[PDB]
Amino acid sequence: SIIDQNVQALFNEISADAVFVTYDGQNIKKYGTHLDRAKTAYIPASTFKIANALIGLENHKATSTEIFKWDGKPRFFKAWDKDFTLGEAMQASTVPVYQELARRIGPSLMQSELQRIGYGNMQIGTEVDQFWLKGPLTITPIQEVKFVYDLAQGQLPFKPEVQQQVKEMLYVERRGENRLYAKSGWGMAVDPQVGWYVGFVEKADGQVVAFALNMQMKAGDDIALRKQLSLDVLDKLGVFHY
């Protein structure tokens, strides 16, 4: 438990309510300032880009090589006023590209697919391109780690090539043969705001530790904290040493 103590000590400097869940295929473990967050359902925000890419590719609404052309209408960030593959958009977190994908998928299929995979509460409302940003779709940090753990292992109910393509869209960095995969999220249009850093670490031998940071955000918070903190934790856990 000293490892667990050292992880908790990092959270001493964190004002916000926060939980960091890990899953290694056997056990769920929970760290942070408010543990009940782990069983609480929040909107997925940009972490839904994971499920959206899977559903899209599985159902032949896009390929991972296909370019999503900027349509010329300026977008919320200047950074988004350009062309993207699904993987480039995953890393830039390019909302309008995934909105276009979701429109191609359509409400009937988006619905039936989330039901088929048990994603969160499987609710999409009437706006096929808004539901992960505004609700009504919600999901617990525990459900997010189990989801990405399965992705890491190719155990989701999607074609293996689909899973591998989406998996690699999430690749961030490696240290030796340990690989870090992740997706950030910040749901700004709900109260309270929710911040996510969801992913997994794949060891040399195929062992996986999935993780899900979930915390409360507010206006003006440091964009990079979610990652800094997840990394600090993974280092203290001995999962992804600096």
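Numbers for residues come from their place in the sequence shown, where the first is 1. Definition used throughout: the rigid core is the maximal C-alpha set that superposes within 1.5 Å between two forms.
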>> If the other structures are each fit on the rigid core, which stretch ends up farther away in C-alpha terms in 9 other deposited structures of this protein, 146-154 or 67-75?
In response: 67-75
> Comparing 74-82 with 148-156, which has the greater mean CA B-factor as deposited?
Replying inline: 74-82
> Which has the higher mean CA temperature factor in the PDB entry, 105-113 or 139-147?
Replying inline: 105-113
>> By the CA temperature factor listed in this entry, which of these ranks top: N214, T33, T47, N27?
In response: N27
> Per the entry, which of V198, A53, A189, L180 tops the list for Cα B factor?
Replying inline: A189
> Ranked by Cα temperature factor within the chain, is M122 in the lowest third, the middle third or the highest third?
Replying inline: middle
>> Could you place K203 in the lowest, middle or highest third of its chain by Cα temperature factor, using the values in the record?
In response: highest
>> How does the C-alpha B factor of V166 compare with the rest of the chain: lowest, middle or highest third?
In response: lowest
> Would the CA B-factor of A92 place it in the lowest, middle or highest third of its chain?
Replying inline: highest
> Hey, what third does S184 fall into on Cα B-factor, ranked over its chain?
Replying inline: lowest
